[PDB]
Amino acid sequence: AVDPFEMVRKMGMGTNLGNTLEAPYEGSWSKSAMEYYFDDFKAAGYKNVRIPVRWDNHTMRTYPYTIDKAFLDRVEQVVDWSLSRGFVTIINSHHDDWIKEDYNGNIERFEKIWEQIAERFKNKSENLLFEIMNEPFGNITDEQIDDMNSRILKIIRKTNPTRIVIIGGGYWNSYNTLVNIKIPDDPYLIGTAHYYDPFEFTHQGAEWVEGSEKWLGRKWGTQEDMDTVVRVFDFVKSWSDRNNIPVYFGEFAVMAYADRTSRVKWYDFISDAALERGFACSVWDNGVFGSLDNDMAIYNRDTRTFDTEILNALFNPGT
């Protein structure tokens, strides 16, 4: 039982375990979870690991909506690796888009998932954090997002009275949305946004983004570019102060298609701006270097090395 604002301190700067467990089946995308990734992340200086989890294919689609024991075991094993090394560890539901596309029909099932997650991990260390829903988008409404956060939080608190829960809002956990959510009356909470602004810069040539090709060549680094990030982070910091709730940037990254000076600068400036204000961070890393199509990578899981230049920008002040 720990104050959110200390937890955000301890979290400092960290990483996602990208395209791993949130893929339909583990290994269908980037390489499955391995114990040595955590040794490497530790040695790199990351203080937290966010672990995306897609529960869909491991969970029954009829009552009682049970999660395959095997799959919880697998996730418990990976979480345990994280907690063992002293990481602040975060599990969520990610890419579970079925609940976003038909909130009304599916909310029973989502409730059941989170009941079971809450149960299995009830006894873990306080450094295990639950994050309710990655990136709401589409059909689901703001009202429904607020309803969900309150609903699911309640289910979690039955078995996890004091574990910190992370909540955000719609439009891909935008900051614009975070600032307007209805915060449940609970003292163990953190709010999150994902920062990918400007989207056309950060996602240029991303193959899964219809129209990406046309942004190729976009640079980033002007005075105005920088001012915008500060103005937006101030705005988020004010919300944090007003509502007495810490802020967490669960994802940020840039396609390797981006001009190399622009790319590294962007990582540097976002880190330095978030951390200046006491925000926790987890950098997005999908471990993909070829094709550039799919590259938002830092750590190569085969060669067991890091894009050192970027890694340094995350931890150090630029100029």
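Residue numbers here begin at 1 and follow the sequence given.
Mean C-alpha B-factor is higher over 217-225 than over the other stretch, the pair under comparison being 217-225 and 88-96. Among all modelled residues in this chain, the alpha-carbon of residue 269 has a temperature factor (C-alpha) in the highest third.
In the deposited entry, the Cα temperature factor of residue 20 sits in the bottom third of values across the chain's modelled residues.
When the modelled residues of the chain are ordered by C-alpha B-factor, residue 235 sits in the highest third. Among the modelled residues of the chain, residue 258 sits in the middle third by CA temperature factor in this PDB entry. In this PDB entry, residue 114 carries a Cα temperature factor that places it within the lowest third of its chain's modelled residues.
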